[PDB]
Structure formats: C-alpha cells, structure tokens
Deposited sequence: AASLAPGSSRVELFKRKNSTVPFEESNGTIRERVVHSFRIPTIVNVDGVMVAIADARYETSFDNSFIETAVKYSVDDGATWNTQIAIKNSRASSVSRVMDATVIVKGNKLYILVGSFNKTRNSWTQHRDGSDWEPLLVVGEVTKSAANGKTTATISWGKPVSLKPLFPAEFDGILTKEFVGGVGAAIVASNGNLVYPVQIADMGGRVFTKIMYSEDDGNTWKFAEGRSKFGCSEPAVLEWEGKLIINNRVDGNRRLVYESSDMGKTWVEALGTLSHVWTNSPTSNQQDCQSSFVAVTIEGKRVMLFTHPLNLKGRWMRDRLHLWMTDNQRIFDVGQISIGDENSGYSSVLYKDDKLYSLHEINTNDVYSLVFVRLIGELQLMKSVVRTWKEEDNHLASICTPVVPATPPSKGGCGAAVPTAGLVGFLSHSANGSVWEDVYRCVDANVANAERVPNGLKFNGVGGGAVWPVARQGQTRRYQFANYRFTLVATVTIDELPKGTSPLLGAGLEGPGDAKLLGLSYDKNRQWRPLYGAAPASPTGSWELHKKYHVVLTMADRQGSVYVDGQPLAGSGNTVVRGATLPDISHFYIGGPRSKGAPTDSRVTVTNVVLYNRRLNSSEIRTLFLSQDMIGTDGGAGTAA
C-alpha cells in the first residue's frame, strides 16, 4: 500500500513539546520536564517487555544541544508505558549530550552504546580531535514480577562505562578520532557474541564502518579487521546464514552492503544480492538516512526487514517511510508505513509474539515526535508473500527431474532464484510468480505458461535500472542467469531479438543476448562484438535458452549446449555495467518497428551463474516447471 495500511494504526508515543521525562537535577531532585523533540528511536523486546529507547532533545532538535537518553517500557504490548531517563549527560555545558543509541538485547539485559559529548557546538567529524567525546556503554536489567493477575516490570540502569581506552589510535594507518555505534538495534550472533556495527571518524574528517564485538558479554571488546569504504556511516547489522550483513548509510550515493563470514575480519561487498539496491532519494545525490535492518522468522521462513524513507522531498525531509522484506534473493516492497506525504526519518521495526510494530520519527517544522505503529495490514501482506515464496520453492524442489545417464535427477535449482514469469499475465503485465518485479508487456496473447508476441514492439520488459530509485535487480550487473523456453513462430526479415539484457545509455547497446535470423541461424550477442550467425534452428520447434553472465563474461546456451562465442568478455573495465532491463521478444516504444514473432514461456532469473549441471537440469525439466 501507498500509505500506512488499512487495519493498521499508530499513537504518538513520544510526543514533541508535550511528553515529559523524569529529569534529575544536579541536587538529586527529580522534575517532570517537557521535551522539545524525541529522535533516534529503537524498540526492542526484552523478556516480553517492550523497551523503546530515544534521544530526549530537551530544548531543540539540533544535534549540538542538551540531550539525554529516554526510555519508555511496557509489559502489556503498548497499553501502558513507564518512562525513564536511562542515561544522563555530563552536565558540563548547555550542549552536553548523550545520543545516537545503539542497542543489543541478550537475555534480560540491554546493552546501550551512545556517543557522549561535553561542550562542542560543531559536529563530530569536524572536531579538531576526540577530546570532547566518549563512547559510553550502559547495561540495563529488566526484572519482571506480578501482582494478582497483573505483571509488572522495572528496569535498573547501570552507570556508564567509557570504551575510549579500548579504541585503537590507528587502523591500518588510518588515525582515529571518534566512534559511535551504528544506531538502532544491533545483535547477539548465533555464537553468543555481542556485535555492534560502529561508525568511525578519522583525524582527517572521513567516516567508515567496522564491527566491534564481545565474546564475554561486554567485559571486553574487539574491533574486527575489516572495514567499509570511506563515506559509509550509521551501519546496521544482522546475521544471515552464518554471516554478518552490514547495511550502510551513504550520504550522496547508493547504499553499500557488505557480508563477512568471519565476525568482521574480512568484508566483501554484497554485489550479488543487496549492495546498491537502496538509496537516499530518486536521484541518489541527497543526504541519506538511518535504516533499521533486522532478521525475523515469518511463517517459519527467515527473512530480513529493512526500513527507509523514499525522501522524494530531499535533504533531511525523509518523507515516505517504506518497509521492505527480503530473503536475500527476492526483495518485496511491503509498502509505505508513514502516512501520506509527512516527513518521517529514523525508524525501528519489531516482530514480537506474532505482531509487527514500528517506532519511527515524524517531523513538522523540525520538531520531532516518535510514533508507535501497529503494522497489522503490513504483517498480513508479509505472511501472504512468505507463503508464496515457500510454496513455489517447495513445489519446484519437489519436481522429479529426469535421471541422466551416469528415482530422480538433480532438483530444479531454487537457490538464487529471484524471479519467474509463467502462466499468470493480465493486461499489460506479466506477473512475477514471486510477487516482486513484474514485466511490462505489449502486443501479446496468452499461451500456457507465457506469451505469444505479434505486433510492433511485441514483447516484455523486465526492468533492471528501469525500476528507478530502488534497484532490486542490481545484482544483474555483477552476475545473472536468465532462462526461457521459446518458439520462433515466423521468419524475420533480417535479424530480430529474442532474449537479452539491454544497457542504459546512448544507442541500443546490449550486454548479452540472443537474436535469430532469416537464414534460421542463431545470433548471440556478446557485448559490443558483431553478432555473427551460428548453428541452425527450425520454425515452431521448442528451444531452451539460457544466458549466463559472470566475471565480466557471457555465454548463451541453446538446449543445454553453449553457442559458439560463449565465454567471451562482455564488459570492459572495472566499472559495473548498468543494465536497463531484460527484454523478452522484441519490446520497444521507439526506434525500429521490431516485430519478433516468437512465443516465450517460463522465464526464470537467478542472481548467480548456474553451473552446467544446473543448466542441464533446467533443460530437462522445462515441461515440468510451469504454473499452469
């Protein structure tokens, strides 16, 4: 949905210029003090108690102001809340502040890491040195009790401990200045380690990210060897299939995502999955925003949830907060969870006892509140989609494929299966069986499991860069396998397109593709190289086509066998290509009046280079995989 879903609702939990916090005066007295703005939200579940953490920006929303860490907690899923100040600031000046909380829950304990500042009026990267700063760790302990019928809870907050003495003065030559947690909910790894993603500012103004972890429940901390590129900030981390996935804020460019299989020692950019998928605005040259990135299990399937504003207004406005759900293959836009065109901002998502919630900023005139949202309609859609993913994957994996001369052969490949176009098509849309990215169609007629094209521009466009702001098929620029079953229905006049990856930019360049000609020969396209004819085909005969691209190389298979020219380099340079779309048939809205008279069924897209055995399996099982 394009706004907070039907059935969903929210309350202004931390209300700007209204909600009070128990401020402790220097002389120990406590007064209920009104707070100008509440920012930087995190909501977690500690032993059944919801705990919401935020910056209480007492006097103004600006970073360089008087700020303390506030907490609201609830034992009844939001019916009632108790309010606290979990971390006080130093009280050294009118701008003393503890801020930008990053939180880890383990058992009944909360570990909160904040940046503490005494007197600076400028931002952390602009500081001459790190003398005004300390990274503070605070541990809270949640205790549950219960009167007659009603459970109660209290949270005891420990005194802050500075981790400054544990901060190396240099990293591989880079001289350090300060570090802050990545903001939001961090994790306990499957091995029990406390894992904080951190953002580090070096002496020379640059920011980059690293992993800071503890194997002893917070007694000691280690900074892992790996790091992001410079320009990455507010990293969020989760664990996926034994690896850490670090999703970074990147002001002024697309969001970089990295994977590490060794607790942060080595990082590799997630080129084949999530890196550069998300961005800061339609044009990618705007201030970015913090995002929550959390792993949950829905309908028995593990998935990752990611929240980020579309920021159509630009700069710090951050309108239109969206929620996305991914299984590291498919990426689904659950929809907009903020309301209308309101400015949102930082956000947090929590899945607790089969209920989904968010705590996020709303901003009018730079006065900020935090809304606590019950994502009812969203969870319903999410469950529906997870069931689709499970059911289709299970169905394909259960097919008994033919045994090859050496009960069943190898399973139909589902690992890395991103999209699938099959029987369902309606109007000008060919539906993704996986419900994420449909293809747009023209001059088509439905046939079992696909479409027959007849007319100018007859064909389908499966958008890649054409997806626009959020590029869910960004992996294709690094590697892909595109599969389809085809028949050529009428001879072309000269040459005509059948299947391929088009590139953005001047001309009508293709990265890798297959065309066919009037002499009944194949015309594979391998990048800029001249499309030299090869082999022989027959009208009306069913052919299995596979395009593979990896390591800057491309191959075209017909009926499980590579065509001449396969393995040739298709992209030159170290710069990723920019695929506009995959084309099926001969779609066009301009240029030559292409009219490819072909029928294409069961188009499958993978985010990896399928091996020859997997290709053979698909070839042998092509009559078994359709949706009907």
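Mapping the modelled residues onto the deposited sequence reveals missing stretches at 407 to 412, 635 to 641.
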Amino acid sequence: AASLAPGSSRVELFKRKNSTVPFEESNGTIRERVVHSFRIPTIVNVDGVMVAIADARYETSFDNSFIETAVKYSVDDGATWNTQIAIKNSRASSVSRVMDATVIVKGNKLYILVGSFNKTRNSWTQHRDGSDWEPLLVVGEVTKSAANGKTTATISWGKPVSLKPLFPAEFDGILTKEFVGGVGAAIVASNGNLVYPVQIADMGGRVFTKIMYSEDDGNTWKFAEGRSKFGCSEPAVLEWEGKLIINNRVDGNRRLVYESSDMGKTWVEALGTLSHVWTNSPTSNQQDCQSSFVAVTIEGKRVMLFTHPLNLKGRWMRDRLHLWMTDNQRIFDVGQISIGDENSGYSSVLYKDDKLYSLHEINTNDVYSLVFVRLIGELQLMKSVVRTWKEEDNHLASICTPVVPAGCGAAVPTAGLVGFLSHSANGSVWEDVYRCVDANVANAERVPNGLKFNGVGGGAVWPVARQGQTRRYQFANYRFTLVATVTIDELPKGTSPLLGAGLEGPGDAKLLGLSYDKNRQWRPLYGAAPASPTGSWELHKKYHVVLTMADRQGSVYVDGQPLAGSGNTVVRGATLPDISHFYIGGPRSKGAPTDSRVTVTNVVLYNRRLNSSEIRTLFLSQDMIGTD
From here on, numbers count along this sequence of modelled residues.
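When the mean C-alpha temperature factors of 412 to 420 and 159 to 167 are read from the deposited coordinates, 159 to 167 comes out higher. Looking at 259 to 267 and 322 to 330 together, the entry lists the larger mean B-factor for 259 to 267, computed on C-alpha atoms. Sorting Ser347, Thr388, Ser233, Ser74 by the CA temperature factor given in the entry leaves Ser74 at the top. The maximum CA B-factor among the listed residues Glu378, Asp517, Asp132, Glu239, taken from the PDB record, is found at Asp132. Among all modelled residues in this chain, the alpha-carbon of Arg472 has a temperature factor (C-alpha) in the lowest third. Remark: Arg572 belongs to the highest third of its chain, ranked by C-alpha B-factor as recorded. In the PDB entry, a CA B factor belonging to the middle third of its chain's modelled residues is recorded for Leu618. Among the modelled residues of its chain, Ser589 has a C-alpha B-factor that falls in the highest third according to the deposited record. Ranked within its chain, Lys542 lands in the middle third, by CA B factor from the PDB record.
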